[PDB]
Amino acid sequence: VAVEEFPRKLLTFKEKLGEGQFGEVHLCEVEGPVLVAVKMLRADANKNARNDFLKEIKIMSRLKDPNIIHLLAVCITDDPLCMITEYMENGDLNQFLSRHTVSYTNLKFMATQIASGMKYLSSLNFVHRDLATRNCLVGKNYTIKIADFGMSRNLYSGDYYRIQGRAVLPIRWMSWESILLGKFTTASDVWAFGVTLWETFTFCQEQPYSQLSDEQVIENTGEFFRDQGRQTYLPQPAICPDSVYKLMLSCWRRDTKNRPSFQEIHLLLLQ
């Protein structure tokens, strides 16, 4: 699998969109107003951070859904390395919904767009592992594209926690079995989608399980896996009609064989 090489000379840097530990992301304007996002790899990158970038290119070149971030081109004839995507002028869904009320048809539409992305990824057996409104990108006319910024962003540092032997994980979105056992399946992504839908219908005004703190979020994960009534669920949003709340509670059932598939979730949301 291959991609096209984009003439770097025609890019014109405008703003910085973000920073990882091992690259930048720039909003540029192409000369031949046309703007692209450029994920770069810093010229001074160790073997591991450069090979992971090449692996990132190989995996991104295969992603071909209009709700997943999509690779337009690369710069790899010489350093710095680059990947290109269409600019989304409304930022991440957390930032966009927090700015607002918006039509319920638009919210439900954005949730269906996420579900279509997630069903694509599930069809590739690509478990995304960090779905959240912070990880969605929003463009013209309320369109969505699932992305993956990594845990680097300072703005969302409070959405993440590190278990004593485990790496940092966004525990508030995760299902018990991605916490207690480390098994990230598409079911765990479906539990993620439940929390993400909840953020969409609350306008992300507050962090889920806002009443709790982290060690109580972990003890509550134990209350899910214990399945003895002491688990506490995300409350039903007022904007959210009862049936999509029943889709959400279906995402959060203790056993994965009873959670919905992304294909069925997409079908159900469209009514």
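Start at 1 with the first residue shown and count on from there.
- A chain break between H100 and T101 is present, corresponding to 10 or more residues of the deposited sequence without coordinates.
- Unmodelled residues of the deposited sequence between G32 and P33: 10 or more.
- In this crystal structure, the stretch out of 256 to 264 and 16 to 24 whose C-alpha atoms carry the higher mean B factor is 16 to 24.
- Between 41 to 49 and 230 to 238, the higher mean Cα B-factor belongs to 230 to 238.
- The PDB entry assigns the greatest CA B-factor among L212, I69, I57, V36 to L212.
- Per the deposited coordinates, the residue with the largest Cα temperature factor out of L121, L155, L81, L131 is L155.
- Among all modelled residues in its chain, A167 ranks in the highest third by Cα B-factor.
- Among the modelled residues of its chain, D159 has a C-alpha B-factor that falls in the highest third according to the deposited record.
- Per the PDB record, residue ranking by Cα B-factor puts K145 in the lowest third of the chain.
- In the deposited entry, the Cα temperature factor of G182 places it in the highest third of its chain's modelled residues.
- Placement of the Cα temperature factor of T202 within the chain: highest third of the modelled residues, per the deposited record.
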